[PDB]
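Below is one structure, written out as structure tokens; the observations come after it.
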């Protein structure tokens, strides 16, 4: 009924959605960096053993 | 310019920085009082007006390092560290300060020497300013992170749970420093001090409901950022294979709340980091992963909570695929073992405990034919251990009821699947001892003895 | 019905063992009642025939 | 204090919002299911 409650709830919902999207993007970037690091480390270890 | 935005979009950093930026400091009174230089007070007073109205740019930052190190007031170093930290994180003003601080490591060491002294706010601002420059690609130093982590001033603010903003900023700086692989080795040594506050920060939020909006641990912006930073701090350190074994072995009791925290909370940040923390420790790249998987699944019963938590899904379906991949590796890792060798080692060890594969008829079905070596010596040894626990080691105790209920519950499947066990049970003497356990206490173990007595009574008379 | 939140996994996990124990207790009670009724029905016939 | 959620068509939001708000409901904001994450 009031006009301030829709703006306050929409601003809090938008800020919480933006923070959740930023945290999910940071977690996805960290998981992709860790998976790329292990995926490089395995083939680097195998190629280093074969070259050794 | 172009520094990272760590500790810039959080409400706790703006709330703690608002109290420092709200108050004013008289640099001219301290300079006239013989506490600071006149040029450092004029450059510090002109830096506040030039930071907003102003925005070779790093020439004015040189007198603040000598003025903050020479002076002993925490208000001037907190205000100058707050203005330098606010000007350093911006991308439109103070761009030469990042290049001047990144080019000269003596100014970074002099700025890091002022932090960790006096108040926790100036040590958090100086440690966040040094951690912001150390977290970039301009300069790196593990000795400053190890020496800063060895100090009780920086870890004292994060260890205290009364201030969620100071512990959240220190947890976010430890997560940003732990995001690099070189800082995880030096940061992994002091994980015992930060692990109890991170475990109590998740257990405190999991112990309270997340329906109403309060200032405590809840579903607001502060609780999701504090729980997401606390789970992300252990999740960043869980990428190492050697750290996952010692972390899973040391924090095995506190690690069991991650499954209940994902079911209690509705956000996907706690469930994704909680499932990714057990999924990273349950990988095959860590040494001794079978002992942590068998100890967590056998001791903690993570297979039923992972099976019940695997059904409920939400957003971020990659974490649901990580939990589904961790559940198949967790159940497939322990279920792939031999039931006859585990039952023979468990019966030979004289320790019976309830497990996921110990209550199935498929394990006793394959072990029923292999148990017969000499007149059913396996069932006579298990019944001789169950009756021997009843003879010596008297009952109406907590210790004997677990092995008596496990042996009585395990004897019902072998007695039901094999009708020839009544001759070995009656010859060994477990039939007379099985009826005595029903009249006593332990009505769960008395119900297992009623099930074994009903199974023997079903084959004894039709 | 309380006003606070609830979990279906705690109710299903708290009800599965009670349902399995109630089904096993009902089957064992029915089999023990059928065997006791058969032996009690055959006891007087065995004593009268003996 | 408690989170309440209701669903209805977008033709009686004023009448349902006035009757629901008239019994103690406060901070009523009409939204959809695709505008949140």
Inter-label distance, nm, simple model (7 Å from Cα along the C-beta direction), residue C:36/residue B:29: 9.2
Nearest-0.05 FRET efficiency for residue B:315 and residue B:5, computed from C-beta distance (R0 22 Å): 0.35
Contour minus Cα-Cα distance for residue B:109 and residue B:391 (0.36 nm per residue): 94.3 nm
Prolate/oblate/rounded label for the protein assembly as shown (Cα gyration tensor, a/c 1.5): prolate
Structure-based [θ]222 nm, the protein assembly as shown - -39500 (n - 2.57) summed over DSSP H runs of at least 4, per residue, nearest 500: -23000 deg cm²/dmol
Ranked packing of B:389-402, D:13-26, A:21-34, most packed first, by mean Cβ within 10 Å: A:21-34, B:389-402, D:13-26
Inter-label distance, nm, simple model (7 Å from Cα along the C-beta direction), residue B:139/residue B:325: 3.9
Largest to smallest principal axis extent of the C-alpha atoms in chain B, angstrom: 104, 40, 38
Where labels lie 7 Å past Cα in the beta-carbon direction, separation of residue B:21 and residue B:147 in nm: 3.1
FRET efficiency estimate (nearest 0.05) - Cβ-Cβ, residue B:253 to residue B:432, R0 41 angstrom: 0.50
Ranked packing of B:308-314, B:85-91, most packed first, by mean Cβ within 10 Å: B:85-91, B:308-314
Equivalent ellipsoid semi-axes - Cα gyration tensor, chain A, angstrom: 49, 4, 4
Amide N proximity, the range B:277-318 versus residue B:332 label position 7 Å along Cα-to-Cβ, cut-off under 15 Å: B:282-285
Stretch gain in nm, segment residue B:384-residue B:182, where the contour uses 0.36 nm per residue and the Cα spacing is subtracted: 67.0 nm
Angle between chain A longest axis and helix A:3-51 axis [Cα atoms, degrees, rounded to 10]: 0
Förster radius 45 Å - calculated FRET efficiency between residue A:32 and residue B:62, Cβ distance, rounded to 0.05: 0.65
Shielding by partners, peptide C:14-25 (average Cβ within 10 angstrom, other chains): 1
Cα gyration tensor category, rounded, prolate or oblate, for the range B:341-460 with a/c compared to 1.5: rounded
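Could you tell me whether the range B:104-203 comes out rounded, prolate or oblate from its Cα gyration tensor? Rule is a ≥ b ≥ c as square roots of the eigenvalues, rounded for a/c under 1.5, then prolate if a/b exceeds b/c, otherwise oblate.
oblate
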Average partner coverage of B:271-284, which counts Cβ from other chains inside 10 Å: 1
Where a label projected 7 Å from the Cα of residue B:370 along Cα→Cβ would reach, residues of the range B:319-342 with amide N under 16 Å: B:334-342
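Cβ: placed from backbone, ideal geometry, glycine included. Neighbour counts: every protein chain shown. A short reminder: the numbers here are calculations on the coordinates, not readings from a lab.
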